[PDB]
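Beneath this line is the structure, given in structure tokens, with notes to follow.
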Amino acid sequence: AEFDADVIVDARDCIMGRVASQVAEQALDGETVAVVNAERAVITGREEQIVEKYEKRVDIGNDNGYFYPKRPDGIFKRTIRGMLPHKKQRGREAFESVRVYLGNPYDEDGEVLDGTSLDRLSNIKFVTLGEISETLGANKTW
Amino acid sequence: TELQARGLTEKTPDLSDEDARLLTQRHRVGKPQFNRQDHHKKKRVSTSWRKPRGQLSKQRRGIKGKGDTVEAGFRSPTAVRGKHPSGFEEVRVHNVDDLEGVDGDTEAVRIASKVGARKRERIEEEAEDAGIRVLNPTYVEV
Amino acid sequence: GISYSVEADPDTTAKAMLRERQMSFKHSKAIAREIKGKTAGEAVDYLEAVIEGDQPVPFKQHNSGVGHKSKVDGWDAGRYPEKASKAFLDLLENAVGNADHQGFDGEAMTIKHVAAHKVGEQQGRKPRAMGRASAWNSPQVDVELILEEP
Amino acid sequence: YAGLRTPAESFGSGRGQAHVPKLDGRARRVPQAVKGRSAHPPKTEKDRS
RNA sequence: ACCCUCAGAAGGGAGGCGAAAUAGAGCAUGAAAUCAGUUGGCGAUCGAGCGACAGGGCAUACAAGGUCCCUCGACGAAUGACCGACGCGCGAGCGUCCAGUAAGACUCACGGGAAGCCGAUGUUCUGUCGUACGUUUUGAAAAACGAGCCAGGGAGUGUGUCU
RNA sequence: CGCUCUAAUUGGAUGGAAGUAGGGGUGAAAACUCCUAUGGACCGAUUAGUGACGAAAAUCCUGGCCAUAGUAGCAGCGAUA
RNA sequence: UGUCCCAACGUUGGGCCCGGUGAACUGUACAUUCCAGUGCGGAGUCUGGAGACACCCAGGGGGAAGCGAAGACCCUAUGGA
Ligand SMILES: [Cl-]
Ligand SMILES: [Cl-]
Ligand SMILES: [Cl-]
Ligand SMILES: [Cl-]
Ligand SMILES: [Cl-]
Ligand SMILES: [Cl-]
Ligand SMILES: [Cl-]
Ligand SMILES: [Mg+2]
Ligand SMILES: [Mg+2]
Ligand SMILES: [Mg+2]
Ligand SMILES: [Mg+2]
Ligand SMILES: [Mg+2]
Ligand SMILES: [Mg+2]
Ligand SMILES: [Mg+2]
Ligand SMILES: [Mg+2]
Ligand SMILES: [Mg+2]
Ligand SMILES: [Mg+2]
Ligand SMILES: [Mg+2]
Ligand SMILES: [Mg+2]
Ligand SMILES: [Mg+2]
Ligand SMILES: [Mg+2]
Ligand SMILES: [Mg+2]
Ligand SMILES: [Mg+2]
Ligand code: NA
Ligand code: NA
Ligand code: NA
Ligand code: NA
Ligand code: NA
Ligand code: NA
Ligand code: NA
Ligand code: NA
Ligand code: NA
Ligand code: NA
Ligand code: NA
Ligand code: NA
Ligand code: NA
Ligand code: NA
Ligand code: NA
Ligand code: NA
Numbered sequence: 004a005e006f007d008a009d010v011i012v013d014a015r016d017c018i019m020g021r022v023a024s025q026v027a028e029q030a031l032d033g034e035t036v037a038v039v040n041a042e043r044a045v046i047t048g049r050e051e052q053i054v055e056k057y058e059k060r061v062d063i064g065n066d067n068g069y070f071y072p073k074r075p076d077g078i079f080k081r082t083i084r085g086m087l088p089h090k091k092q093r094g095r096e097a098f099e100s101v102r103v104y105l106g107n108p109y110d111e112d113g114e115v116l117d118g119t120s121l122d123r124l125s126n127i128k129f130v131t132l133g134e135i136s137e138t139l140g141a142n143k144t145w
Numbered sequence: 095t096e097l098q099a100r101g102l103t104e105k106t107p108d109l110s111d112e113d114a115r116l117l118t119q120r121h122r123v124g125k126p127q128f129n130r131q132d133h134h135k136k137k138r139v140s141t142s143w144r145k146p147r148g149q150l151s152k153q154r155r156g157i158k159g160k161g162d163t164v165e166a167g168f169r170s171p172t173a174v175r176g177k178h179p180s181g182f183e184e185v186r187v188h189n190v191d192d193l194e195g196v197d198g199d200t201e202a203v204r205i206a207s208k209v210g211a212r213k214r215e216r217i218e219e220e221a222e223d224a225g226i227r228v229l230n231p232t233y234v235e236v
Numbered sequence: 001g002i003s004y005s006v007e008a009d010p011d012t013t014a015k016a017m018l019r020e021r022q023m024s025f026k027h028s029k030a031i032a033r034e035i036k037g038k039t040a041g042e043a044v045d046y047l048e049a050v051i052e053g054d055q056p057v058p059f060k061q062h063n064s065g066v067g068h069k070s071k072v073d074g075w076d077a078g079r080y081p082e083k084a085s086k087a088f089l090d091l092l093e094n095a096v097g098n099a100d101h102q103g104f105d106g107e108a109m110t111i112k113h114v115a116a117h118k119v120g121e122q123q124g125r126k127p128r129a130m131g132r133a134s135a136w137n138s139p140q141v142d143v144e145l146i147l148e149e150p
Numbered sequence: 051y052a053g054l055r056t057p058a059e060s061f062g063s064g065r066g067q068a069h070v071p072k073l074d075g076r077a078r079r080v081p082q083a084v085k086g087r088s089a090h091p092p093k094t095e096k097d098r099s
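Protein chains in written order, with PDB author numbering: chain I, 4 to 145; chain X, 95 to 236; chain Q, 1 to 150; chain C, 51 to 99.
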């Protein structure tokens with residue numbers, strides 16, 4: 004609730020990794036970022052394999068644990084965590100000043116970062132984070 | 095009603111342009127602690143320096159992070175080596191006679207700690223008349 | 001033995017010490033810890049409650065295997081060291097005694113300082129199996145107490 | 051014979067003790083033992099002239 | 001000694017002697033390991049050879065160190081431009097000139113400033129590097145061997161002969 | 001570089017030596033030195049000598065000490081008191 | 001015939017809490033780990049990730065190639081008996 008994001012990025016039809024990479028870069032530069040429409044971000048490849056990767060991650064674990072998110076919410080955020088030294092003081096700060104959301108809880112429409120947009124017209128082999136999450140067993144709360 | 099050090103405490107030696115450059119170098123560059131390897135890991139092991147002799151010693155092998163090894167390359171500039179920070183050359187003094195031959199422009203004097211108060215007062219007063227600063231002065235209340 | 005480790009103004013101060021008491025040095029630490037800042041009077045009441053088994057002495061450092069006590073606040077383990085407590089009640093009786101004979105109101109005085117110190121051990125030897133023997137000692141405790149007018 | 055006046059013997063391996071000659075459970079004779087002999091001491095035989 | 005306390009020739013308090021009792025009886029001095037209380041720093045969301053070198057926070061009686069900070073200006077090694085003008089290149093961009101100029105570590109001069117203030121010390125934070133020590137070993141952080149911690153002790157000496 | 005004691009030469013100390021604790025300065029360094037506190041009687045330098053002269057280690061020796069832990073044992077036995 | 005199918009309930013002493021007494025083993029250091037990797041090829045400490053708020057009580061003992069014993073096996077020694 005209420006997040007003074009200096010930047011509001013829109014993930015709809017954007018390549019998760021590429022976006023996540025740019026969001027980390029900024030959060031490390033001090034920017035407070037908020038990612039919007041996570042459920043609508045995308046990742047290229049052959050759905051079948053992509054899903055396998057993530058389903059595996061959900062299954063990996065033990066007493067010590069390996070908590071992996073199933074909501075496009077978490078998914079996106081953990082992706083960003085991977086692009087930051089989240090265990091160093093500076094990195095936890097940056098990571099913490101970053102939040103992902105399902106849909107867009109703001110008034111302003113977020114911005115689309117350069118080179119992260121995917122062309123549905125010239126691209127058929129890709130997936131929606133939400134599709135992924137539905138396959139993971141997540142509850143479609145969006 | 096306040097303490098005042100005897101003698102020419104403020105006195106400053108006069109040094110060639112070169113010497114003052116070199117003295118200022120020494121003070122800028124500094125040198126490493128050169129403490130014994132791992133003295134901080136074991137109480138029984140004192141700080142005094144001993145050459146690391148372990149065939150495997152990380153320091154003896156020069157592994158960055160294990161400390162600097164004593165070498166001649168670390169020596170101080172010939173011209174200044176041994177000078178008190180003020181630039182003065184010290185002269186150890188035990189009595190009044192020792193004051194003879196001392197250039198109060200070039201050398202300051204340090205009274206052996208053993209010398210008792212009585213002989214101090216004599217040395218300290220004649221030292222000042224001879225234009226020589228005493229590095230370890232008595233503080234009297236004036 | 002010890003010597004007062006703190007400076008006390010004689011005009012507003014009463015003192016007292018226990019010498020080489022053979023009792024748990026670990027209990028003393030806890031007891032001292034617990035009663036400092038209290039009123040000599042409050043202290044006595046407390047230690048008597050402890051001896052009674054109604055008030056527990058928080059054991060914060062030497063608590064291994066000690067069972068939790070409901071009455072301990074902010075902590076969990078604690079016991080009722082009656083021996084050590086009694087020796088403290090002797091220390092207190094003495095301090096409040098000296099305090100009155102000096103014109104103060106003993107009981108009303110604040111425990112400005114109280115500390116226990118292990119002065120030694122009365123050495124003992126316990127026969128063990130296999131023809132060998134091992135130590136079986138007794139701690140010897142000293143304890144300082146300084147009373148101060150409110 | 052300073053420090054040698056003893057029948058002290060070392061138990062050898064077996065009791066988790068260093069091989070040091072002992073007697074009545076007290077180490078003896080060897081230089082590194084309190085009350086043991088002095089390794090290389092001053093000698094009457096030496097020519098100091 | 002005397003007085004108070006205490007079950008008390010104990011102990012404690014107050015007091016007395018002495019230069020000193022922190023010289024009060026295994027009583028000169030009184031280290032380290034270590035214990036109690038306590039001050040400074042850190043601290044119950046976070047990672048382990050415990051540090052070295054850099055740089056920040058906080059903390060600091062005197063003494064034995066006195067430096068340090070900013071404007072500007074002087075000097076200025078290697079290195080070394082932006083902009084703009086012209087000319088190339090599909091393009092990223094390059095060439096010529098402006099220019100070996102502006103810049104450029106250290107050091108110094110004028111002016112202004114700091115006294116916890118600079119150094120230094122304690123602790124803590126960040127950066128870089130970093131799996132003890134010694135030994136055995138081709139190869140040891142080693143799941144090879146040794147040590148709980150500290151202090152003290154602990155290993156090329158003498159005679160004769162030869163060279 | 002540092003230690004012991006001997007010698008020659010030459011100094012310091014009850015107007016406070018050695019040692020110790022904390023702290024300032026020098027030396028690439030072994031280590032040297034100063035200040036404060038403690039201590040209360042000894043202590044250096046230079047030169048030439050001297051040697052039971054330097055430790056982190058040896059399942060090293062001796063003493064002291066911390067954790068272990070207010071933990072194990074103080075129940076088990078044909079005598080449950 | 002509770003050896004077993006297949007375990008249950010009960011008795012006594014312990015165990016647990018409290019007063020008193022009060023050891024030993026063991027300790028290079030650091031140490032909340034887990035999955036992998038790597039490394040003298042059998043890592044709490046390296047590398048990558050994951051996980052992880054601190055302390056305490058009880059437990060049965062997975063791991064510390066746990067503690068205990070300078071391997072009895074095997075070989076080597078111009079060793080012993
Ligand atoms: Cl899991
Ligand atoms: Cl990190
Ligand atoms: Cl496609
Ligand atoms: Cl040299
Ligand atoms: Cl104890
Ligand atoms: Cl310069
Ligand atoms: Cl030799
Ligand atoms: Mg040490
Ligand atoms: Mg228990
Ligand atoms: Mg027997
Ligand atoms: Mg002897
Ligand atoms: Mg004494
Ligand atoms: Mg917190
Ligand atoms: Mg091998
Ligand atoms: Mg020694
Ligand atoms: Mg001479
Ligand atoms: Mg021992
Ligand atoms: Mg236990
Ligand atoms: Mg019966
Ligand atoms: Mg890791
Ligand atoms: Mg063997
Ligand atoms: Mg055989
Ligand atoms: Mg034979
Ligand atoms: Na992808
Ligand atoms: Na998982
Ligand atoms: Na505890
Ligand atoms: Na409570
Ligand atoms: Na409680
Ligand atoms: Na004998
Ligand atoms: Na042993
Ligand atoms: Na002779
Ligand atoms: Na600091
Ligand atoms: Na070895
Ligand atoms: Na090693
Ligand atoms: Na290994
Ligand atoms: Na032990
Ligand atoms: Na020797
Ligand atoms: Na049965
Ligand atoms: Na286990």
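Yeah, the Cβ is synthetic: ideal placement off N, Cα and C, and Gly gets one too.
Beta-carbon proximity list for residue i, same chain, < 8 Å, skipping 5 on both sides
{"i": "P126/X", "result": "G161, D162 and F168"}
{"i": "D199/X", "result": "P107, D108 and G225"}
{"i": "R93/I", "result": "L31"}
Counted within 10 angstroms of its Cβ, other Cβ atoms place residue i as buried (16 or more) or exposed
{"i": "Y57/I", "result": "buried"}
{"i": "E95/C", "result": "exposed"}
{"i": "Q25/I", "result": "buried"}
{"i": "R74/I", "result": "buried"}
{"i": "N107/I", "result": "buried"}
{"i": "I157/X", "result": "exposed"}
Residues near residue i in its chain [Cβ-Cβ closer than 7 Å; skip 5 each side]
{"i": "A84/Q", "result": "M23, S24, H27, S28 and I31"}
{"i": "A221/X", "result": "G101, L193, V203 and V228"}
{"i": "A133/Q", "result": "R125, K126 and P127"}
{"i": "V70/C", "result": "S60, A77, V80 and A83"}
{"i": "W143/X", "result": "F128, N129, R130 and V164"}
{"i": "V115/I", "result": "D13 and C17"}
Cβ neighbours of residue i in the same chain (closer than 6 Å, five flanking residues each side left out)
{"i": "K80/I", "result": "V103"}
{"i": "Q153/X", "result": "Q131, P146, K160 and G161"}
{"i": "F88/Q", "result": "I31 and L47"}
{"i": "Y71/I", "result": "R60 and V61"}
{"i": "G120/Q", "result": "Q140"}
Distance CB(residue i)-CB(residue j) smaller than 8 Å
{"i": "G78/Q", "j": "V72/Q", "result": "yes"}
{"i": "residue 250/X", "j": "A99/X", "result": "Outside the shown range of chain X (95 to 236) lies residue 250/X, about which nothing can therefore be said."}
{"i": "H101/Q", "j": "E144/Q", "result": "no"}
{"i": "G113/I", "j": "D13/I", "result": "yes"}
{"i": "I18/I", "j": "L105/I", "result": "no"}
{"i": "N98/Q", "j": "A8/Q", "result": "no"}
{"i": "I11/I", "j": "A44/I", "result": "no"}
{"i": "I51/Q", "j": "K86/Q", "result": "yes"}
{"i": "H121/X", "j": "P179/X", "result": "yes"}
{"i": "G20/I", "j": "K128/I", "result": "no"}
{"i": "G53/Q", "j": "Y80/Q", "result": "yes"}
{"i": "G181/X", "j": "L117/X", "result": "yes"}
{"i": "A49/Q", "j": "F104/Q", "result": "no"}
{"i": "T35/I", "j": "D9/I", "result": "yes"}
8 Å contact criterion, which residue i and residue j should meet: CB distance rounded
{"i": "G41/Q", "j": "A116/Q", "result": "Actually they are not in contact, since the Cβ atoms of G41/Q and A116/Q sit about 21 Å apart, beyond 8 Å."}
{"i": "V6/Q", "j": "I146/Q", "result": "6 Å"}
Exercise for review: Measuring from each Cβ to the nearest heavy atom of ligand 5, keep the ones under 7 Å and list them in chain order.
Suggested key: The set, ordered by position in the chain, is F25/Q, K26/Q, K118/Q and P139/Q.
**Study point:** Under 7 Å, CB to nearest heavy atom of ligand 25: contacting residues
**Key:** That query returns the following residues: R60/I, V61/I, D62/I, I63/I, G64/I, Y69/I, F70/I and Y71/I.
Point to revise | Residues near ligand 6, criterion Cβ-heavy atom distance below 7 Å | key: With the cut-off at 7 Å, the residues found are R115/X, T118/X and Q119/X.
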